Amino acid sequence: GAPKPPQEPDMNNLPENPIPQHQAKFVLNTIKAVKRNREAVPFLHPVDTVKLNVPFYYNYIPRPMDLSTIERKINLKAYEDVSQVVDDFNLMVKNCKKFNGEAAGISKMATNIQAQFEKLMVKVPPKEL
Ligand SMILES: O=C1c2ccccc2Sc2cc(-c3noc(-c4cnccn4)n3)ccc2N1C1CC1
Ligand SMILES: O=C1c2ccccc2Sc2cc(-c3noc(-c4cnccn4)n3)ccc2N1C1CC1
Ligand code: NI
Ligand code: NI
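When you number the sequence shown by PDB author numbering, it's gap-free, plus one each residue, and the end is 320.
Given below as structure tokens:
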């Protein structure tokens, strides 16, 4: 099957102007809140295709994503905008639905934590200032 993509973030391609700290603190706390959701447990760590016996996972999913990667990218200043945090969360969810199917129980878990994430993000402070 397709090989495992490199871990994010690319430490040689970090942005010159990352998310401002007041937004970075908020999205970090937002991800940590989602990580405490019981529905988030299977999303805490990258898919391990050996443990799960899916040799063709990366053929479906060329850009895997998980909550720990989002947290790491926030901490390592890899994001330029909070829209990219939203994008990565949506990518994690879309990956799950693409590989497992929309009707799978794991995809309902993904939808549930996406709904929590979206509700929490209502209160993100604006970028300017
Ligand atoms: O995409 C998948 C995926 C990919 C291939 C096959 C199934 C799944 S579903 C899935 C399950 C897990 C998992 N972690 O632990 C256990 C477990 C299961 N029973 C007993 C003990 N532990 N399952 C982690 C990630 C995960 N995800 C990612 C969308 C989350
Ligand atoms: O038989 C199966 C089985 C049944 C159906 C589909 C796949 C598998 S393979 C399999 C994986 C898991 C699992 N535990 O943690 C994770 C994980 C994966 N990535 C990230 C984080 N965590 N996967 C547990 C039990 C397990 N087993 C039992 C033989 C062990
Ligand atoms: Ni292979
Ligand atoms: Ni704004």
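Here a beta-carbon is modelled for each residue, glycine too, at the ideal position from N, C-alpha and C.
For the alpha helix (DSSP H) that residue i lies in, which residues bound it at each end?
i      : result
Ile210 : Per DSSP, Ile210 belongs to no alpha helix (DSSP H) and is neither H nor E.
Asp279 : 273–291
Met256 : Where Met256 is concerned, there is no enclosing alpha helix (DSSP H), given that its DSSP letter is neither H nor E.
Going by other Cβ atoms of all chains shown within 10 Å of its Cβ, with 16 needed for buried, is residue i buried or exposed?
i      : result
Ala231 : buried
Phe308 : buried
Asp201 : exposed
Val273 : buried
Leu258 : buried
So for residue i, helix, strand or coil by DSSP?
i      : result
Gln305 : helix
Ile252 : coil
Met300 : helix
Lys216 : helix
Using 8 Å as the threshold, is the region 285–292 in touch with the region 205–222, meaning 3 or more CB pairs across them?
no
What does the shell around ligand 4 hold, if a residue joins when its beta-carbon is under 6 Å from any heavy atom?
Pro317, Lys318
Can you list the residues near ligand 2, meaning Cβ strictly closer than 6 Å to any non-hydrogen atom, in the order they appear in the chain?
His236, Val238, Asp239, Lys242, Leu243, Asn244
Residue list, Cβ distance to ligand 3 heavy atoms smaller than 6 Å
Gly192, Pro246
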